[PDB]
Amino acid sequence: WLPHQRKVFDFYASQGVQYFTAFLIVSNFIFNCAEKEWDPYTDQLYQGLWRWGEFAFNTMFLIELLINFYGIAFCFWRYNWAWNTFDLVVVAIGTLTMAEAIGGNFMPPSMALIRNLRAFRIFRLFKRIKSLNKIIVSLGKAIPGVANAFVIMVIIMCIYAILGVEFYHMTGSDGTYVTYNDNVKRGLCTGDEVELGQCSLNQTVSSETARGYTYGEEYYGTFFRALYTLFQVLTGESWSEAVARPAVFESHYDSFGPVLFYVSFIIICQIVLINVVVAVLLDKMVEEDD
Amino acid sequence: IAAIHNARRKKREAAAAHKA
Amino acid sequence: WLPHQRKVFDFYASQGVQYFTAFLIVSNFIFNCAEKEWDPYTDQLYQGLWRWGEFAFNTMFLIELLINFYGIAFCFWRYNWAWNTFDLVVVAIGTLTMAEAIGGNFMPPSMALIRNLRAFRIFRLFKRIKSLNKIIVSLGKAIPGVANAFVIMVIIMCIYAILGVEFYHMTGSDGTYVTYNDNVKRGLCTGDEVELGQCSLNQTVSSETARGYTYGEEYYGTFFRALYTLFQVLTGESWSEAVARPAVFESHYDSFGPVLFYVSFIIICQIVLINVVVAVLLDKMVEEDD
Amino acid sequence: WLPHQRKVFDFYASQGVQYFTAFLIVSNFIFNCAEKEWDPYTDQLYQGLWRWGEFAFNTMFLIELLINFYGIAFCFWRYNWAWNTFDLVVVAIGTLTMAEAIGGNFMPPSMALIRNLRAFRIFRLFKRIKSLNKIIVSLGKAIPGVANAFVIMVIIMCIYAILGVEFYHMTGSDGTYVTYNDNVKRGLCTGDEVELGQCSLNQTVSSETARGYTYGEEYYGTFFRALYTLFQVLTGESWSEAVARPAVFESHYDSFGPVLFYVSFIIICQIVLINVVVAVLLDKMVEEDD
Amino acid sequence: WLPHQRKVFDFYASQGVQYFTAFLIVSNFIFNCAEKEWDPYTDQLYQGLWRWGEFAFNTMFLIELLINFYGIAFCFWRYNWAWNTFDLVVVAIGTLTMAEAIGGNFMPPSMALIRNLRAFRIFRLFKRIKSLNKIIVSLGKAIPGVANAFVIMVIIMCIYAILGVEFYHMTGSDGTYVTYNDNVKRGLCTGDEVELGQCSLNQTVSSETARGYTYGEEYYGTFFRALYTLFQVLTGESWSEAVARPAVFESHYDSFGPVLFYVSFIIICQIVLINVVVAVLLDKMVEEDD
């Protein structure tokens, strides 16, 4: 143990110091938000402003981290290992960023996602305030209860994805698909002219999507495209006017296929499984509350 | 619904614990 | 009873053997997923790869099934009848697939959906792991509680489908429908020119849908089309910009008709009935939990 | 009391007779569904089929109703008044329909909605089966609990409708509205050419909707149009890409107006009020369950 | 204390007077709704009708407010301070409106939003009826429980907004983006012609939105645009066909980026956080119920 270690150790655990560090983290988060709001462009207008702001923030976080570790003899195995190592990693990215700002590009351009970790510094605030810590800890201790129903969901999702790839990966492949009208029975056009050639019971409809793909190739082209499309349907986004209805009305008289496909998928997965997963998640959280 | 259904549950076991 | 039946019977019930079978089922599921991901095309690139992979998987499932039945004297009436018959059906489709791969096409091309059962082999895993078994068993024992509210929902859905077919099956039949502006009273154009012929209070807008049908013919053309459209509205997908609003603004001054139709339908069915059904489902499941 | 009244009274209350009547109601419902499915057209193909099917169904309902009332001395004030009067009204519509089918059109063509009541005959089944009766009775006894939160919802909805009519009823009135690009700062085009005239920071984008109206005139043209649009947003249908975003990006730098409008509306009404109303509804129903 | 103060004080607290005031507030709300329904236009048809209706309503509210304050000696600090000051502010805007209607425009045209407060007069009704008061009071006393989970939500939302601005603010910047087909492997076109130049495994599809902006510039152009787009995704509106899928299929082989982005965002924020916030809100309200 260092001679002046205990004093600084209890100094860092002071409520005022903790609130000052929390204010520093929130100020850094607001600095990042302001950078992305008023100057996110490739040709940045106030460039050194954010550069040196990040420099100062990482320097202050370094000094406060060194204060934190000097009270624990640089050990960080015995006391709050997870938060200390998370702090370590973010300060390390900070030192890496400052070193790059000082002495050129010492890193390949293939690790920008690691530099991106500065946005996750606000997670340090969750240790500063007890209520947010309680909520995130409850979420973490409730996820394992979710796990089983979640894996049931993903199993059923992959089943439906296999079925969808096998059925509709070939749909609208020419780029246009044919739907069949019922004009003569509805009386819009006489039966004589349909045979005679003035009108037809079969219009041709383009299957190309907003992304340029055909319907099958995009929605159910491969297994992972199918799984993503089924996730879209699970959330409930545009499952009919884009995903379901073209396939439903592709089947001239076999329409029961697509309707049963999407109806059973929606009912089982969305209604039953989503509500079950949310129920077990919330149940575990409130059981942890008391 | 699970948000709604669980909230009503909180009252069932709260009532259940009250009698028990 | 066979002489060496008890030993193999307790051998199959070994935890290690059960986990090996579970790994086999999961590996087959991953094989199917990989087949549908990296090579789902009609002109398959690695054709024999999936063919012989399925061959080996069905062979191994056959050997393990024979091990299972030899411990029960090939009886499968007294011990776990449902799981045994499900296993039997899947192996049977597997042996059928191997026989077709070996000695030509012995089946008509009208039973591909029966060959499709290989995707449902992962359901065998649910017997291997106790938690997934608990969840699926609870779902099965909670469905009968759902049944009554579900049939109320479908009754009301069919009522609204009859009403919708009777009302809107004729809507936008020419392919274009007329909505009436209110420009003069809003001051956009003077009242003199509207009578004089420079501007009009009635623009005509197409009713044709993305599927090529008119609005009435597709959404409420027949009873089953109407029921599907009402299911779409029940899930909440595009009920206004595609289903409701054209019918709402078709009525010049009788707009109360469509608005009350869709508003009452949404409120009653979606809100009340969906939440009631989910509540009773989840209630039955958690009552089965404890 | 009639001499042979008690015998027929207890005869109608027989379980077998009740189930036969329930089968009759379900068969009539299926007949209506089949009529709307296989022949809903204006030029009906099998016309007398449905005409005489309805004839026979109304005749049988008349005979069974007369059996019901003869056991209560045609009184129907003292015993099950509500169900008896509902039965009366549906059988009356049935006799009216049969009288029209027999002796011409004795009614003006302005009362087809009264003839439409045949679709609601299935509600008679709810008295036949006890579980459906329990569910509908619980819904009826839980609606008054909903009433207060529902009126709070509609009050807030009308407030936001007044605000929306006052703000956006004039939006996109020319039919096209101008959104402002930020190309120069983003570096897409140099600042010299924008002043010089090669590129512009503003583009005019059409405000006309799928119904032919402008954005303001349709969504918030009048108070009732605004209330309907806010109901659409409350359900969550296309509130952004159609309702919100054009108004949000109409404001060049005053974008906080529309964003705060729709964000506060969605949060308060949809999340808070919808979940509160559903919670109180389900709470009342389950309190009635036990 | 005034000589005749107690009599009028207990006179205003009479149930009949309270119900008359409630009827007055509801009538004013209906008057505003009727004004916005039958005559919201800039060129109002019945102009003096609403002008003098508001005049009379503000006059009556003034007389009743003076009755209220005369019983409390014009003090309004000791007895029901919040409701009294809210009443004060609305009458003040009412007297301001009457003064403007009488003696010209004494206000700059920059304070119409303050005149807009007449729509919020219906909030006075909530004090008249006890049940609505109970519900709004419970909402107010449950909001602080929401606060912590709400700030966690907004923190995560801003994190994802920073990430989205950094990633996709440059997406579809030319106005068109390139998605890559897989036609040769699907058998749609031979591999010879793709190299030879008859067909291409790429297509260029426009990135411009309905608002005239490109995809990146509108959805994630700035931090606040990104936060609004993430709120749209949180509500679940068109997150795939407009927000996610163009970015997902922009990545040729790096598609895991956008899919993981939006999938993790939806799961965590929407499912977990929305359900947690609603659960804690409803829990606090029902804990306040009993």
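A, B, C, D and E are the chain letters, set down in written order, and residue numbers restart from 1 in every chain.
Keep in mind that, in the parts below, a contact is a pair of C-beta atoms (placed from the backbone, for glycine too) under 8 Å apart; a residue touches a chain by one contact, two chains touch by 3 or more.
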Using each chain's Cα centroid, which is most distant from the centroid of chain E?
-> C
Which listed pair, C-E, A-C or A-D, duplicates the contacts of A-E in over half of its pairs | A-C
Compare the CA centroid of chain D with every other chain's and tell me the farthest one.
-> A
Per the centroid of Cα atoms for each chain, what is the distance between chain A and chain D, given in Å?
-> 35
When centres are defined as mean Cα positions, the distance from chain C to chain D in whole Å is 25
Where the centres are mean C-alpha positions, what is the separation of chain B from chain D, in Å?
-> 32
For chain D, what residues touch not just one other chain but two or more?
-> 41-42, 169, 186, 224, 236, 238, 275, 278-279, 282-283, 286
Expected list for chain B, residues touching two or more other chains, is 1-11
If you connect every pair of chains that touch, what shape comes out? Choose line, ring, star, complete or other.
-> complete
Which chain pairs touch, all of them | A-B, A-C, A-D, A-E, B-C, B-D, B-E, C-D, C-E, D-E
Chain A touches which residues of chain B in the complex?
-> 1-3, 5-6, 9-10
Within the complex, which stretch of chain C touches chain E?
-> 41-43, 45, 185-187
Residues on chain D engaged by chain C in the complex (per definition of touch) | 29, 32-34, 36-37, 40-42, 116, 119-120, 122, 125, 131-132, 135-136, 139, 169, 173, 210-213, 217-218, 221, 224, 228, 231-232, 235-238, 242, 274, 277-278, 281-282, 285-286
Residues of chain A touching chain C in their complex?
-> 148-149, 151-152, 155, 158-159, 161-163, 165-166, 169-170, 179, 181-182, 186, 188, 203-205, 222-224, 226, 236-241, 244-246, 248-249, 255, 259, 263, 266, 270-272, 275-276, 279, 283
Complex contact set, residues of chain B against chain E = 2-4, 6-7, 10-11
